[PDB]
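1. Just the starting chains for now, same placement as in the complex:
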Amino acid sequence: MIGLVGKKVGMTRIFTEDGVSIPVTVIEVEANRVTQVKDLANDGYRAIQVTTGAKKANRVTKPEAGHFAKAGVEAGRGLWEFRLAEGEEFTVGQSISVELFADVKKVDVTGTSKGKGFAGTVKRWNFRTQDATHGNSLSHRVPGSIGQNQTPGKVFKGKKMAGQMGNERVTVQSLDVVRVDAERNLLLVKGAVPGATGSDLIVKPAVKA
Amino acid sequence: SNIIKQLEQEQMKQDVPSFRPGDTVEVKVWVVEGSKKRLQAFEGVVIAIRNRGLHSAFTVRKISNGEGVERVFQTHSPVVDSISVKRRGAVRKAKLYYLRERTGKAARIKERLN
Amino acid sequence: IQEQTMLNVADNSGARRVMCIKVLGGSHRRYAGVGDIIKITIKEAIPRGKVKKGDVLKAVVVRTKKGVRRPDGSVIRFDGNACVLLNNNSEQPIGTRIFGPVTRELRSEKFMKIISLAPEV
């Protein structure tokens, strides 16, 4: 229900003396429907849209054929919405970078968390510690595992044993958008935004309510 | 992006502070401040200076006061905390920026080194 | 700012050092900032002034080392860890005058007596 393009760095807009404003400025070029899912066939509602167009000279055939209407055009990713009334485009019939959000609404940036990698019980969950007075073997690190005793230890498949942090999605949810820039598509948000450099990102509407 | 992303920054902090700091300048870095209810009014601050220079948010110029007790502001450069332009103290920038001495008396930065 | 810790007195009657012993404002308060009320214990005092060693009252934190900063992010910070006693059941400041510079977060209509003394911001 709104384009989705990569972000790049974050800034500050100081006027009237906020400066607190920590813009994310995540460029959102053209979208282009490319496909329109519907009731009969395609399954549910939905409405694909590849809000990109990065020159992809070398691409596998099926995707290179995945386009079909007027200009053709090619991108890479491929999202969609659901209920609405979006066009029947292909990578033709541009959507817009100025989705209908008026000027003061909260967006819902969605990206993939950075990736720490394998991480201890110390970093994964703030529950860990241990002291330094003695027994340096189990220093301020290793936990004291699943309690219980004779209960064979079904370990209750959780606690927080060390494991990689993941890159999993995040969806900050609720973020008032400050600027958009109709033609110089950037759209600034207020801090947050997961991932780095130029992760795909999604930037939904305002479902958070 | 070369000159189209970093471009908003470069088109905001677009001021003319003094293009050069040589400490000890008690510039009333007049900062609009504000107070509440009415009165805009602004009152600056005596100085010394140590800083940083970057991020389009050159959030710095530790101005270290001596009145009654002690120090600072990281007074960047933009908006409702204005004009800092003044230069009233000369120099003695010997170790130059990042002059962490934080001492209270006969310790001068012999300015007038011109 | 955390239990123990040592602040000053930017006012008077029984001065100098006074240790914090409780950060008020709900369970697990970690620290207290400028503007925050705190449980203090007179640990120095002057032979005179209605305030003496061992005495337990409440007190605000007028100035401190972590430093204040907001809007743009201008960070004033002192190395003058204030106080300024507070007679217990009425939170009015206990003391004739007040020493040192304060701030605009103390600018609240609640202390007030405090920001109209020691001519300073």
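-> Arrived safely. Residues are numbered from 1 along each chain as shown, chains lettered A, B, ... in the order given.

2. which parts of chain A sit against chain C?
-> Residues of chain A found near chain C (CB under 8 Å from any CB of the partner chain) are A:14, A:17-20. Any C-beta I mention is one placed from the backbone N, CA and C, and that applies to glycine too.

3. Among the residues you listed, name the buried ones.
-> The neighbour-count test (16 or more other CB atoms under 10 Å in any protein chain shown) marks A:14, A:17-19 as buried among the residues of chain A next to chain C.

4. As a markdown table, the residues you listed with secondary structure and distance to chain B would be great.
-> Shown next, in a markdown table, are those (DSSP: H, G, I helix; E, B strand; the rest coil; distance: CB to the nearest CB, whole Å):
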| residue | secondary structure | distance to chain B |
| --- | --- | --- |
| A:14 | coil | 4 |
| A:17 | coil | 4 |
| A:18 | coil | 9 |
| A:19 | coil | 7 |
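
5. of those residues, closest to chain C?
-> residue A:19 (3.6 Å; CB to the nearest CB).

6. How about the backbone phi and psi for that closest one?
-> phi 80, psi -20 (degrees, to the nearest 10).

7. Please report how far the residue nearest to it when sequence neighbours are not counted lies from residue B:13.
-> In this structure, residue A:19 finds its nearest non-sequential neighbour in residue C:72, 3.6 Å apart by CB to CB, 6 or more residues apart in numbering or on different chains. Taking CB to CB, to the nearest Å as the measure, residue C:72 falls 11 Å from residue B:13.

8. How many residues are close by residue 94?
-> Answering for chain A, as no chain was given. Per other CB atoms under 10 Å in any protein chain shown, the neighbour tally for residue A:94 reads 19.

9. actually it's chain B I care about, not the one you picked
-> 10.

10. let's put chain D on the structure above:
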Amino acid sequence: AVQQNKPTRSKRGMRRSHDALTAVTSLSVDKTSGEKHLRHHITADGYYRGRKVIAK
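-> Below is chain D, added to the chains above:
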């Protein structure tokens, strides 16, 4: 600490189910006797495209 009872053979083999093998028999030569890996010929007689310092 220790195994409480002997791991069967159906177990040791079933544990070694990752012996792995290479030898993709990829491009070896482009101008010699079939030698050279997928990148450099026979050093001191190899070269990528042409005689590198020494050849025959």
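
11. Residue A:156 belongs to a strand, doesn't it?
-> No: assessed with DSSP: H, G, I helix; E, B strand; the rest coil, residue A:156 is helix; it does not lie in a strand.

12. wait, it sits on residue A:146?
-> Yes: using CB atoms under 8 Å, residue A:156 makes contact with residue A:146 at a distance of 6.7 Å.

13. More neighbours: the two, which one.
-> Of the pair residue A:156 and residue A:146, residue A:146 is the one with more neighbours under other CB under 10 Å, namely 15 against 10.

14. State which one residue of chain B is found closest to chain C.
-> Residue nearest to chain C within chain B (CB to the nearest CB): residue B:69, separated by 4.0 Å.

15. Tell me how far that residue lies from residue C:98.
-> Distance from residue B:69 to residue C:98, by CB to CB: 13 Å.

16. so who does residue A:120 touch?
-> By CB atoms under 8 Å, 6 or more residues apart in numbering or on different chains, the residues touching residue A:120 are A:128, A:141, A:162.

17. In strands, which of these fall?
-> Among these, none falls in strands (DSSP state E).

18. Narrow those residues to those that are buried.
-> Of the contacts of residue A:120, these count as buried by 16+ other CB under 10 Å: A:128, A:162.

19. Just put the contacts of residue A:120 in JSON lines and tack on distance to residue C:46.
-> Conversion of those to JSON lines gives the following (distance: CB to CB, whole Å):
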{"residue": "A:128", "distance to residue C:46": "48"}
{"residue": "A:141", "distance to residue C:46": "50"}
{"residue": "A:162", "distance to residue C:46": "57"}
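
20. tell me which of the contacts of residue A:120 is nearest to chain C?
-> Top of the list for closeness to chain C, among the contacts of residue A:120 and by CB to the nearest CB, is residue A:128 at 17.6 Å.

21. Chain E goes on too:
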Amino acid sequence: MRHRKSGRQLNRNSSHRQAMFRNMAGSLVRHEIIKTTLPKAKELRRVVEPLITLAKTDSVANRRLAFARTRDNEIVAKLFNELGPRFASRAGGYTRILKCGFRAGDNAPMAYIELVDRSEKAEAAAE
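-> Adding chain E to what we have so far:
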């Protein structure tokens, strides 16, 4: 876990590497082609390249610096007078990484690493 562009690698203590390459790089100029390990190779670039590049007009200030990073007059001369101008016309890329692999002693990569050279003569420009 993961980190990011912490450019250059580790091997031994901080000082070792910044001490070994002094031996490595200086050795490269003495000859043409060497034989190290791929990892060491790609690393030897960042040290040898600025050396090749530091040579423009010496001016002593630089023959002083070159004598500092390599600490060896023997090769410091080559850097400026002979080795230097061989590429005085071209930007960077004065190093080749010709692989090999197979150590036998430990079974790890190798790579020669060299740089175009030939003989010392003088001519007039042509093309």
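
22. The contacts of residue A:120 again please, chain E included this time.
-> So residue A:120 contacts A:128, A:141, A:162 (CB under 8 Å, 6+ apart).

23. any idea how far chain B is from it?
-> Counting by CB to the nearest CB, to the nearest Å, the gap from residue A:120 to chain B is 32 Å.

24. Equivalent analysis for residue C:29, please.
-> 26 Å.

25. List the contacts of residue C:67.
-> Shown in contact with residue C:67 (CB under 8 Å, 6+ apart): B:72, C:75-78.

26. Now which of these would you call buried?
-> Using 16+ other CB under 10 Å, the buried ones in the contacts of residue C:67 are B:72, C:75-78.

27. now those as a markdown table including secondary structure?
-> Shown next, in a markdown table, are the buried ones among the contacts of residue C:67 (three-state DSSP):
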| residue | secondary structure |
| --- | --- |
| B:72 | coil |
| C:75 | strand |
| C:76 | strand |
| C:77 | coil |
| C:78 | coil |
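
28. farthest-separated two in these?
-> Spanning the widest gap among the buried ones among the contacts of residue C:67 are C:75 and C:78, at 10.9 Å by CB to CB.

29. ok, now which ones touch the residue of chain C at minimum distance from chain B?
-> Closest residue of chain C to chain B, CB to the nearest CB: residue C:80 (4.0 Å). The contact partners of residue C:80, taken as CB under 8 Å, 6+ apart, are B:69-70, C:8, C:10, C:63-64, C:100.

30. try residue B:29
-> Counted by CB under 8 Å, 6+ apart, residue B:29 has contacts B:44-45, B:47, B:61, B:63, B:73, B:75, B:83-84, B:86.

31. all strands for chain C, in order.
-> Counting by DSSP E, the strands of chain C are C:4-7, C:18-23, C:37-42, C:56-60, C:68-69, C:75-76, C:85-86.
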